[PDB]
């Protein structure tokens, strides 16, 4: 039956600061996986070259472009953050591949999401390893007649999907191997910067169900147990 090949395959991409899974239908990442360590955050502002590039290893039919974003009113929000990888120039520049980028409401990118990223980095002082998994969500809302719909904008000629929400899963690895799970969801909206990050914790099961992804079985295969944080 596969005489003429399979119409689509798993699109994994390994970069020097992350690995990701790419969804060609959304023209966006499904999840991005980083590993934070305290020494990987130390660095200077030496070269400061920061231009988002389009991912040439994604077919043109399904590759977001800078044009898709300009004039959209949406910031180019890097899922794997540049500041996570100061120690290496290449690790920083790879976060500027648009394959690592999703349309974010500017206020969110600059304030509440950015504060979530700095919290994640701040945890690198108290844990020997901070694994970070970031990605989009397209959450349905129930109308008053009982019917539910997924609705999200697409921007640019390439119809790049604007997520309704974003998730960030933190696998906090202490020195002794104990592991702490913190799962955050924020709407793709102007989130009040003064609400504490604790309020955005959600059970990891709700992210797994809504994302089509699975975390807890792969964690708790090598963790044995895990402390599920729900502030």
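Positions refer to the first chain, counted from 1.
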Comparing 173-181 with 45-53, the one whose average Cα B-factor in the PDB entry is higher: 45-53
35-43 versus 184-192 - which carries the larger mean C-alpha B factor in the record: 35-43
Residue selected from 216, 20, 10, 210 by maximal Cα B factor: 10
Per the PDB entry, maximal CA B factor within 134, 124, 99, 104: 124
Third assignment of residue 72 from its chain's C-alpha B-factors: middle
Record-listed C-alpha B factor of residue 113: chain third: middle
Chain-relative CA temperature factor third for residue 165: lowest
Residue 85 by Cα B-factor - lowest, middle or highest third of the modelled chain: middle
Residue 159 CA temperature factor, ranked by third within the chain: middle
